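There is one chain below, alone, in structure tokens, taken in the form deposited without its partner chain.
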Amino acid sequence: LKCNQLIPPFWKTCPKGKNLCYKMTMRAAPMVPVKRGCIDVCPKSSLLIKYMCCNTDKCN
């Protein structure tokens, strides 16, 4: 279980439990990525920012 983050090849293996990952894009703009990392589940997404969480590698 591993996940790449914003744009370059930058990937890493996420630890047990945190087998999920994400990439928070800004809803202000269509979906401008700004944050990303290995998680468990998507934190409280805001009205102006969409947290794009998922379970598969590469997905964020």
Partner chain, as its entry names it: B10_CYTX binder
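Residue numbers count along the first chain shown, from 1.
There is also a form deposited with its partner chain bound; it is not shown, and the following applies to it.
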### Task
Considering only heavy atoms, tell me if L20 and its partner chain come within 4.5 Å of each other in the deposited bound form.
no
### Query
Just to confirm, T13 within 4.5 Å of its partner chain in the deposited bound form by heavy atoms?
no
### Heavy atom contacts to its partner chain in the deposited bound form at 4.5 Å, residues of 6 to 29 in sequence order
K18, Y22, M24, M26, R27, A28
